[PDB]
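Asks:
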Amino acid sequence: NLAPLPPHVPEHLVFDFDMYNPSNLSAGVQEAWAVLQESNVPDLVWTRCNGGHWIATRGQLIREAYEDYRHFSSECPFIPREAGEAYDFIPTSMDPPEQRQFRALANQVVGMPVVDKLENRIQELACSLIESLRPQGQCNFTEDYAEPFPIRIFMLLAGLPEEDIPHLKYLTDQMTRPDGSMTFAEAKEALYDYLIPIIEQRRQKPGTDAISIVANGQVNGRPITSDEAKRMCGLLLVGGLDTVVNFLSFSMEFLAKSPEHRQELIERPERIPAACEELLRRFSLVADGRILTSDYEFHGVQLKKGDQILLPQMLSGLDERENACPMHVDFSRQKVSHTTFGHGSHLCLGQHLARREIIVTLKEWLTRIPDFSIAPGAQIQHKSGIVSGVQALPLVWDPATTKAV
Ligand code: HEM
Ligand SMILES: CCCCCC[C@@](O)(Cn1ccnc1)c1ccc(Cl)cc1Cl
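Residue numbers (UniProt numbering): 11 to 415.
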């Protein structure tokens with residue numbers, strides 16, 4: 011289902027990529043996207059899928075676009091347009107200078123100092139979850155660890171009941187990897203119906219949770235409104251529920267297939283941080299975009315006001331001009347170049363938390379379960395969207411090769 015080509019698009023720039031269902035999805039999600047970086051593909055293409063939109067394919071262009079908020083606005087950051095239209099999360103749907111105030115607040119909640127405070131709990135939950143799995147010689151990593159781990163940490167931070175997980179997770183999944191079961195706005199609404207009462211409650215009787223801090227915060231000398239808190243909290247929710255969860259699965263799928271990479275980390279633990287960055291490059295998973303604010307000629311292509319452009323954060327690090335042998339995992343790369351956490355003014359606030367969660371998982375998993383693999387005859391399915399994911403991750407191991415701590 012392709013849309014008719016707008017008058018301003020040269021037919022030689024057409025490349026029909028479906029960000030929701032790329033063609034060689036079988037090969038893996040990062041591999042499916044990397045088709046865009048083949049020699050036959052121009053740096054900047056137009057796809058007729060998902061209503062028609064530009065896609066920058068090279069790291070240089072993605073970064074430039076990301077820096078350029080004047081021309082590339084966050085007002086409508088998701089494709090298809092109706093999704094980008096319906097989304098009003100803060101600070102994501104704002105451009106500087108306005109963004110800055112909201113950012114400053116969200117930072118209060120997720121930032122470095124918070125992670126530092128939460129460190130022991132992160133370590134505590136990881137150890138507990140792993141130890142619980144160890145003796146079984148088999149899990150569903152996606153349901154068994156990748157979900158509970160990051161989610162429970164978020165739930166704790168946000169001061170929300172664990173019981174709400176299944177419902178929230180569903181709504182979140184609808185936003186990034188739409189199923190066809192709702193509509194973006196419907197999804198957004200359901201999430202907001204959830205949040206409203208909680209916010210009201212935390213305005214009246216504040217706590218120490220993230221929601222309380224956002225609900226009662228200051229923005230540009232005055233108090234945040236109820237609508238604004240709702241909108242910030244909505245973003246925090248998607249970030250907490252849908253990001254780290256998918257990343258861990260890609261990473262774990264790779265480790266399960268590469269004994270030598272596992273060993274490397276076991277013997278030379280000083281490499282973990284470095285390996286964390288490398289995996290963030292190779293298994294990058296986010297793709298969003300921007301909206302043209304005016305007619306603008308970018309790298310010789312004419313962009314028209316209102317055109318949307320996908321600037322796949324995923325792609326920068328997979329770009330050969332950025333990293334030699336992109337698809338190869340090397341923990342000793344001299345320079346790991348990625349924009350996994352974004353670029354420009356919208357740099358991920360939650361990066362510190364995400365990194366802490368990754369490093370803890372690697373260290374702790376390898377400590378206890380040094381030797382594992384994918385279950386025989388299991389076919390791993392990746393899913394594409396705004397955030398890409400792994401459907402399920404059947405792992406097996408010999409309990410006798412594990413180590414209790
Ligand atoms: C592996 C994990 C994650 C990845 C790859 C990731 C990626 C990104 C990307 C690419 C952006 C910028 C989007 C844009 O420019 O439109 C973003 C922004 C953001 N992320 Fe994340 N994120 C992750 C985890 C988290 C977590 C755990 C949270 C916290 C709950 C979080 C909170 C945020 C916020 C608040 C922003 C908006 C910053 C702003 O607009 O100023 N993220 N993230
Ligand atoms: C229709 C869009 C579906 C919801 C987007 C999810 C997320 O907000 C959360 N998140 C992600 C990272 N941190 C929080 C995101 C994903 C990718 C990008 Cl590029 C930006 C944003 Cl805001």
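Beta carbons are placed, not taken as given, at the ideal position from N, Cα and C, and that holds for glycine.
1. Can we count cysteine 243 as close to ligand 1, meaning its CB is less than 7 angstroms from some heavy atom?
2. Rounded to the nearest angstrom, what separates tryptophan 375 and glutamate 277 at their Cα positions?
3. Within the continuous beta strand (DSSP E) that includes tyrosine 306, where are the two ends?
4. Per DSSP, what kind of secondary structure is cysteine 286 in: helix, strand or coil?
5. Looking only at its chain, what residues have a beta carbon closer than 8 angstroms to the beta carbon of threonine 218, apart from the 5 residues adjacent to it on each side?
6. Taking 7 angstroms as the cut-off, does the CB of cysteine 358 come closer than this to any heavy atom belonging to ligand 2?
7. Please classify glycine 395 as buried or exposed, where buried requires at least 16 neighbouring CB atoms within 10 angstroms.
8. I need the straight-line Cα distance from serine 49 to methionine 324, nearest angstrom please.
9. Taking all protein chains shown into account, do 16 or more other C-beta atoms lie within 10 angstroms of the C-beta of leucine 403, making it buried, or fewer, making it exposed?
10. Per the contact definition of three or more C-beta pairs closer than 8 angstroms, is the segment 182 to 198 in contact with the segment 88 to 96?
11. In chain order, what residues of the same chain have a beta carbon less than 7 angstroms from the beta carbon of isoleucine 208, not counting five sequence neighbours either side?
12. Taking DSSP's pairing of strands, which residues face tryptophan 56 in a bridge?
13. Please find out if some non-hydrogen atom of ligand 2 comes closer than 7 angstroms to the beta-carbon of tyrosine 97.
14. For the candidate residues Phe257, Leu313, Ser83 and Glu210, whose alpha-carbon lies nearest to that of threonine 235?
15. If you scan the segment 341 to 395 from start to end, which runs of the alpha helix (DSSP H) of 4 or more residues do you find wholly inside it?
16. Look up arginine 300 in the DSSP assignment and give the residues it is bridged to.
17. Measuring from the CB of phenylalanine 164, is there a heavy atom of ligand 2 at a distance below 7 angstroms?
18. Would you call the CB atoms of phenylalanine 351 and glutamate 288 closer than 8 angstroms?
19. Here's the rule I'm using: 16 or more other beta-carbon atoms within 10 Å means buried, otherwise exposed. How should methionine 262 be labelled?
20. With a CB to CB cut of under 8 angstroms and the five nearest residues on each side skipped, what residues in its chain are close to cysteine 286?
21. If you measure between the beta carbons of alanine 297 and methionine 122, is that distance less than 8 angstroms?
22. Please confirm if the segment 143 to 162 is in contact with the segment 244 to 263, defined as three or more CB-CB distances below 8 angstroms between the two stretches.
23. Check whether the Cβ of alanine 93 sits closer than 7 angstroms to any heavy atom of ligand 2, and report yes or no.
24. Once the 5 residues before and after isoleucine 100 are set aside, which same chain residues still bring their CB inside 7 angstroms of it?
25. Rounded to the nearest angstrom, what separates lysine 345 and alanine 284 at their Cα positions?
26. Under three-state DSSP, which class holds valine 19?
27. Would you check if the segment 267 to 274 and the segment 300 to 307 touch, i.e. whether three or more CB-CB distances between them fall below 8 angstroms?
28. Leaving aside the five residues before and after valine 415 along the sequence, list all residues of the same chain whose C-beta is less than 8 angstroms from its C-beta, in chain order.
29. Where does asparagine 11 fall in DSSP's three states?
30. For a test of the three-state rule: what should DSSP assign to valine 224, helix, strand or coil?
Replies: Straight from the coordinates:
1. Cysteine 243 Cβ: outside cutoff for every heavy atom of ligand 1.
2. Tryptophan 375 and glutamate 277 have their C-alpha atoms some 14 angstroms from each other.
3. It spans 306 to 308 - the beta strand (DSSP E) in which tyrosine 306 sits, taken as one unbroken run.
4. In the three-state reduction of the DSSP assignment, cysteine 286 falls in the helix class, which pools H, G and I.
5. For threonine 218, same chain residues with a beta-carbon under 8 angstroms away, outside a window of 5 residues either side, are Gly169 in chain order.
6. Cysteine 358 Cβ: within cutoff of ligand 2.
7. Counting Cβ neighbours within 10 Å, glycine 395 comes out buried, since at least 16 surround it.
8. Going by the C-alpha atoms only, they are around 18 angstroms apart.
9. Around the beta carbon of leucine 403, a 10 Å sphere encloses 16 or more other beta carbons of the protein chains shown; the residue is thus reported as buried.
10. In this structure the segment 88 to 96 lies against the segment 182 to 198, because at least three pairs of beta carbons, one per stretch, are closer than 8 angstroms.
11. Counting only Cβ-Cβ distances below 7 angstroms, and skipping sequence neighbours, we find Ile221.
12. For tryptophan 56, which the question treats as bridged, DSSP gives the partners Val24 and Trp64.
13. Indeed, a heavy atom of ligand 2 lies less than 7 angstroms from the Cβ.
14. Of the candidates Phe257, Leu313, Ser83 and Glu210, the residue whose Cα lies closest to the Cα of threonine 235 is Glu210.
15. As summarised for the segment 341 to 395, the continuous alpha helix (DSSP H) elements at least 4 residues long and confined to that stretch are 361 to 378, given in chain order.
16. BP columns for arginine 300 point to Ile319.
17. False, no ligand heavy atom lies under 7 angstroms from that Cβ.
18. No, the Cβ-Cβ distance between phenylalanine 351 and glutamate 288 is not below 8 angstroms.
19. Classification for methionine 262: buried.
20. Same-chain partners within the cutoff: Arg365, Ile368, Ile369 and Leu372.
21. Here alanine 297 is not near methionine 122, since their CB atoms are 8 angstroms or more apart.
22. In this structure the segment 143 to 162 lies against the segment 244 to 263, because at least three pairs of beta carbons, one per stretch, are closer than 8 angstroms.
23. Yes, ligand 2 has a heavy atom inside 7 angstroms of this Cβ.
24. The answer, listed in chain order, is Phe112, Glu238, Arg241, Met242 and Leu245.
25. Note on geometry: alpha-carbon atoms of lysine 345 and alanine 284 lie some 10 angstroms from one another.
26. When DSSP states are grouped into helix, strand and coil, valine 19 belongs to the coil group.
27. The segment 300 to 307 is not in contact with the segment 267 to 274.
28. Here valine 415 has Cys137, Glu141, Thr377 and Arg378 as same chain residues with Cβ atoms under 8 angstroms from its own Cβ, once five neighbours each way along the sequence are excluded.
29. Under the three-state reduction of DSSP output, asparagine 11 falls in the coil class, being neither helix nor strand.
30. It is helical.
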